[PDB]
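A.B. asks: A structural model of the following input is requested.
(chains A, B and C, ligands or ions: 4)
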Amino acid sequence: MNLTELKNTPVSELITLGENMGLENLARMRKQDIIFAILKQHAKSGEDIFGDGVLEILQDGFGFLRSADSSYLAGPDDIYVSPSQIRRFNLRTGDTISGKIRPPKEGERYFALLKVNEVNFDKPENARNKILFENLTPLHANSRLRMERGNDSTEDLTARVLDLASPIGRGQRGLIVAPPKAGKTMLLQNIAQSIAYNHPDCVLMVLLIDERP
Amino acid sequence: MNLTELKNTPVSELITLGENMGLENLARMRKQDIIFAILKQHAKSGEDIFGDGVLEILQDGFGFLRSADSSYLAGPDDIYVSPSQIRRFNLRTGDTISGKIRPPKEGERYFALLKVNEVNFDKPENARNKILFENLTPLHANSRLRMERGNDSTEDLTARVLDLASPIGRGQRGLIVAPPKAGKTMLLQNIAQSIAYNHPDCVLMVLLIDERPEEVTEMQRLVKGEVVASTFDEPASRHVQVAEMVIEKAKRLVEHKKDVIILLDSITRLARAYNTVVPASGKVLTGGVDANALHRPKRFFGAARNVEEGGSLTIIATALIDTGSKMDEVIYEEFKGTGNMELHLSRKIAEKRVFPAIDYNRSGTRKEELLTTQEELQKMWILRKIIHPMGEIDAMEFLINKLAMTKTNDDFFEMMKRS
Amino acid sequence: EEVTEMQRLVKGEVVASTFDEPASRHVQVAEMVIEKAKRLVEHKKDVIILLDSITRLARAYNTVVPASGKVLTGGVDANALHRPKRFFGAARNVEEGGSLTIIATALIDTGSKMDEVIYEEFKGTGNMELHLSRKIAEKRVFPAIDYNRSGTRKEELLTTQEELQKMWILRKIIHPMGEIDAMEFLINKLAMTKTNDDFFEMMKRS
Ligand SMILES: Nc1ncnc2c1ncn2[C@@H]1O[C@H](COP(=O)(O)OP(=O)(O)O)[C@@H](O)[C@H]1O
Ligand SMILES: Nc1ncnc2c1ncn2[C@@H]1O[C@H](COP(=O)(O)OP(=O)(O)O)[C@@H](O)[C@H]1O
Ligand SMILES: [Mg+2]
Ligand SMILES: [Mg+2]
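C.D. replies: Numbering: from 1, shown residues only, chains lettered A, B, ... in the order given. Ligands and ions are numbered 1, 2, ... in the order given. I have put the structure below:
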């Protein structure tokens, strides 16, 4: 019924859910196609379907609601939004759109957004009055982020050394100079553990380029 | 009566079998045509004929059941399957299909599958519920593969050095950097012997691209497993066709909780055929290699994964450098950081008649903690500390003499503890 | 022998004229069929006429009509082809009730210029065109129908909203393919499907 919870389910459970519903031959196909097939069959019952994701705008003018679970990969389960809805609600690439999605009619291969009731975890009307990021005035970092972890008390001293060598604050634009085979990967992992522990409120996002599966 | 056993028979015996049956003039023709002729004559008797092979699907929609014995080469003896049977049983390129085959009627030149009773060495109904390979979650290698052989006790120390230089596990995506005339061919052969000996359960597949016909025959005799190769005289499209056949077959076996090890030779040769086959996009980069041309080798090489649910796919490839070509250099650069274990060979070491010509300092592996044990890992670190100050050439003869007078690697490890 | 086979196979009223009969006989029977059909249409009945062939029918009409003193290209007078136009154009859908459906066959590439001139004047007169290809028949693939060339007008009224969209999707895939490769592509898909509905839902997968 809900798009976000369906993708988080294991693939093994996903096949079992579709078998009892009435679908067949869902085992030997990609997980993205299974989700589209299950939603298509469930749409015939007439029950409302909820969907959410990150909205992007193409060069033609129309956009799609990508999902962060699949690393924003194009798929048949992506939600299509008409350019008309963009005029009603000022949306740009990056924002999160959540709302009901209608079954795709004949001739279209993507679900269409029916009504949006949540924009950036906020009321859509309130999101329309937000100021753009480029008009904001930047400043120097002033909020200290305690990278040291006391409760864990692990044998690794990377967190303790990082605070002494170079303290990290909110809004920093630092870079790491790491030669190959110098523990670069584990360095980021240790930082991520402290951020998720010392500052749970802060949103942590990890982006990796050209990394092994 | 059975297709698989008929192809394994010697060609000399194949002629004799057809002569007494009633056929004539089978001596001066290709072996593939003889098999088709014998099956055609035997089909007149009405006896059932059993056939098996690797199934592939063409772009039109119909498929053929290629045989791994002939390196998946198209022939008159290939089994044809109607697209209707594909709907009944979900089949994709790579899977093995075994069952009865009916005689070809007039108007068709290929045998047709009548009833399938074995899919991927399993019941066809059970194979329909297998989870796709792309949906599996990859993980780091954790199953240590002991490359050292104790019973053989041969004078070659390549197996002993390989474990010390870079341990190899299940699901590794390592590559070998081998200059020309640096013992690259024998390096793969030694690895194949240990895999067929230490881990008989693991499926070993060897794929060779642009290799001489005499080199392919030697590989089949030496390697105790499935060996498929494409000769240089064959077109570049043939190289692409066989390359996709091996990986697709491996993926299907991995879905059945099986471990597949693939010895690739070579990525540079494989990328050479891929670049030619793909049509030009109107833009040419440096070295005459398009960006989309190398996309296909990346898919093939990146498929080496360790399945959390069960099974693993290990791919070991070879990279050619200092060959006097630029294309081969550009290909190597994009395939540097894609591997889990690097094994770099040095031509200068081979010039000193010291084997194996392996650069210990340059070679290495990632996440070696999972493969080796706590005690074994510390010993390797101590050895690397001594080797690092020494040069890339002096390190080998230093290591060779130490391993020469020791029985196993454990005896060598305790000797270094004395110093 | 062709007339006898048609009578045995077709479950209906079959009338035909042999080649040995004079051209005036062909004209007499042609007017008989259409006049009979028109009377039945007036009684709120539906009549379907399978015509074979317009080129053969125009051949007899040209000979029967006396010469007007002027000969056009191909030896066919302007008034000579007036009669086939009346016969072919009578296919109408009556608003009050009933309809008259006329399906005819046109011969092309027969080695005669006259048969080409007749076809040219009868191009834009039809509601649906069905063009056959000899090359497809040479490949032993049947029916030898040119899908790209074939078409119909006002297909919205005949088919439904759901059925019409499925046909448009199929035509989009077929159009890039050649006139010959489209048939064997379509034949295998229809061979393994029971009905057209099963074929339609299969194309939706792609
Ligand atoms: N904080 C740490 N403590 C102990 N060992 C570490 C630490 N960070 C990295 N390593 C060692 O580094 C190796 C992995 O290095 P890697 O992350 O591949 O380096 P790079 O990211 O520069 O390629 C591991 O074998 C691990 O033993
Ligand atoms: N492990 C080894 N021990 C001794 N000699 C070796 C070994 N590996 C390779 N050689 C030598 O290398 C030669 C063949 O090299 P080759 O396999 O052609 O190199 P490449 O594969 O780089 O072209 C043989 O003559 C052989 O004597
Ligand atoms: Mg890294
Ligand atoms: Mg070689």
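A.B. asks: Chain A against chain C: which residues are in contact?
C.D. replies: Residues of chain A found near chain C (C-beta under 8 Å from any C-beta of the partner chain) are A:106, A:107. Where C-beta positions appear, they are placed from N, C-alpha and C, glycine not excepted.
A.B. asks: Show me what counts as buried in stretch A:184-196.
C.D. replies: For stretch A:184-196, burial by neighbour count (16 or more other C-beta atoms under 10 Å in any protein chain shown) applies to A:190, A:191, A:193, A:194, A:195.
A.B. asks: What of stretch A:27-35?
C.D. replies: Of the residues in stretch A:27-35, A:27, A:28, A:29, A:31, A:32, A:34, A:35 count as buried by neighbour count, 16+ other C-beta under 10 Å.
A.B. asks: And stretch A:11-26, by the same measure?
C.D. replies: The neighbour-count check on stretch A:11-26 (16+ other C-beta under 10 Å) flags A:11, A:14, A:15, A:18, A:23, A:26 as buried.
A.B. asks: any idea which helix or strand carries residue A:73?
C.D. replies: Residue A:73 belongs to no helix or strand when elements are defined using DSSP states H and E.
A.B. asks: What about it, how many residues nearby?
C.D. replies: Using other C-beta atoms under 10 Å in any protein chain shown, residue A:73 has 10 neighbouring residues.
A.B. asks: Quick check: the gap between it and residue C:183.
C.D. replies: Distance of residue A:73 to residue C:183, computed by C-beta to C-beta, to the nearest Å: 37 Å.
A.B. asks: ok, now residue A:170?
C.D. replies: In terms of C-beta to C-beta, residue A:170 sits 67 Å off from residue C:183.
A.B. asks: check contacts around the residue of chain A found nearest chain C.
C.D. replies: Relative to chain C, the nearest point of chain A is residue A:106 (4.3 Å; C-beta to the nearest C-beta). Neighbouring residues of residue A:106 by C-beta atoms under 8 Å, 6 or more residues apart in numbering or on different chains: C:162, C:165, C:166.
A.B. asks: Next: residue A:111.
C.D. replies: A:39, A:49, A:51, A:77, A:78, A:79, A:80, A:101, A:102, A:103, A:104.
A.B. asks: and the fourth one, what element?
C.D. replies: Read that as residue A:77. Applying DSSP H and E, one finds residue A:77 in no helix or strand.
A.B. asks: surely it meets residue A:39?
C.D. replies: Yes. Using C-beta atoms under 8 Å, residue A:77 and residue A:39 qualify as a contacting pair, with a distance of 7.1 Å.
A.B. asks: Show me whatever sits in contact with both of those two.
C.D. replies: Overlap of the contact sets of residue A:77 and residue A:39 (by C-beta under 8 Å, 6+ apart) consists of A:3, A:111.
A.B. asks: Those two: which has the busier surroundings?
C.D. replies: Shown here are residue A:77 and residue A:39; by other C-beta under 10 Å, residue A:77 has more neighbours (25 against 20).
A.B. asks: Next up, the contacts around that one.
C.D. replies: Going by C-beta under 8 Å, 6+ apart, the list of residues near residue A:77 reads A:3, A:32, A:35, A:36, A:39, A:67, A:111.
A.B. asks: got the contact list for the second one?
C.D. replies: The contact partners of residue A:32, by C-beta under 8 Å, 6+ apart, come to A:70, A:73, A:75, A:76, A:77.
A.B. asks: cool, and the first one?
C.D. replies: The neighbours of residue A:3, taking C-beta under 8 Å, 6+ apart as the test, are A:35, A:39, A:49, A:50, A:51, A:52, A:53, A:67, A:77, A:79, A:101.
A.B. asks: go again using 6 Å as the cut-off
C.D. replies: residue A:51 (C-beta atoms under 6 Å, 6 or more residues apart in numbering or on different chains).
A.B. asks: The nearest residue to residue A:170 once chain neighbours are set aside: how many residues sit nearby?
C.D. replies: Closest residue to residue A:170 apart from its sequence neighbours, by C-beta to C-beta, 6 or more residues apart in numbering or on different chains: residue A:143 at 4.0 Å. For residue A:143, the count of nearby residues is 10 (other C-beta under 10 Å).
A.B. asks: For residue A:143, grab phi and psi.
C.D. replies: Main-chain torsions, residue A:143, degrees, to the nearest 10: phi -100, psi 110.
A.B. asks: looking at it, it is touching residue A:172, isn't it?
C.D. replies: No. Assessed by C-beta atoms under 6 Å, residue A:143 is found out of contact with residue A:172, at 9.9 Å.
A.B. asks: Buried residues, stretch A:139-159. List them.
C.D. replies: Under the neighbour-count criterion of 16+ other C-beta under 10 Å, stretch A:139-159 has A:145, A:147, A:149, A:158, A:159 buried.
A.B. asks: right, I mislabeled it, should have said stretch A:125-139
C.D. replies: Neighbour-count burial for stretch A:125-139 flags residue A:127 (criterion: 16+ other C-beta under 10 Å).
A.B. asks: Put the alpha carbons of that stretch into CSV.
C.D. replies: As requested, the backbone C-alpha atoms of stretch A:125-139 are provided in CSV (Å, rounded to 0.1, in the frame of the first residue of the first chain):
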residue,chain,number,x,y,z
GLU,A,125,2.0,25.7,1.6
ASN,A,126,4.7,26.4,4.2
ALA,A,127,7.5,25.0,1.9
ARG,A,128,6.4,27.6,-0.8
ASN,A,129,7.6,30.5,1.5
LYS,A,130,11.1,29.0,2.2
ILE,A,131,14.1,31.2,1.2
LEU,A,132,16.4,29.7,-1.5
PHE,A,133,19.8,28.4,-0.4
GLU,A,134,21.7,30.8,-2.5
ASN,A,135,20.3,33.9,-0.8
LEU,A,136,21.5,32.8,2.6
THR,A,137,24.5,34.4,4.1
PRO,A,138,27.3,31.9,5.0
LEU,A,139,29.4,32.2,8.1
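A.B. asks: Give me the residues contacting it.
C.D. replies: Outside stretch A:125-139, the residues that touch it by C-beta under 6 Å, 6+ apart are A:90, A:119, A:120.
A.B. asks: would you turn those into JSON lines with secondary structure and neighbour count?
C.D. replies: Shown next, in JSON lines, are these (DSSP: H, G, I helix; E, B strand; the rest coil; neighbours: other C-beta atoms under 10 Å in any protein chain shown):
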{"residue": "A:90", "secondary structure": "coil", "neighbour count": "14"}
{"residue": "A:119", "secondary structure": "strand", "neighbour count": "22"}
{"residue": "A:120", "secondary structure": "coil", "neighbour count": "15"}
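A.B. asks: Relative to ligand 3, which residue of chain A is the closest?
C.D. replies: residue A:185 (4.0 Å; C-beta to the ion).
A.B. asks: Just the C-alphas of the strand or helix carrying that residue, formatted as CSV.
C.D. replies: Taking DSSP H and E as the definition, one finds residue A:185 inside helix A:184-198. The C-alpha coordinates for helix A:184-198 follow below in CSV (Å, rounded to 0.1, in the frame of the first residue of the first chain):
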residue,chain,number,x,y,z
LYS,A,184,40.9,6.1,4.0
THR,A,185,37.7,4.0,3.9
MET,A,186,37.8,3.2,7.7
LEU,A,187,38.5,6.8,8.4
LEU,A,188,35.1,7.9,7.1
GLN,A,189,33.4,5.0,8.8
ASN,A,190,34.7,6.0,12.2
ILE,A,191,33.5,9.6,11.7
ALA,A,192,30.1,8.3,10.6
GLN,A,193,29.8,6.3,13.8
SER,A,194,30.5,9.3,16.0
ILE,A,195,28.1,11.5,14.1
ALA,A,196,25.3,9.0,14.3
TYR,A,197,26.0,8.6,18.1
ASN,A,198,27.0,12.1,19.4
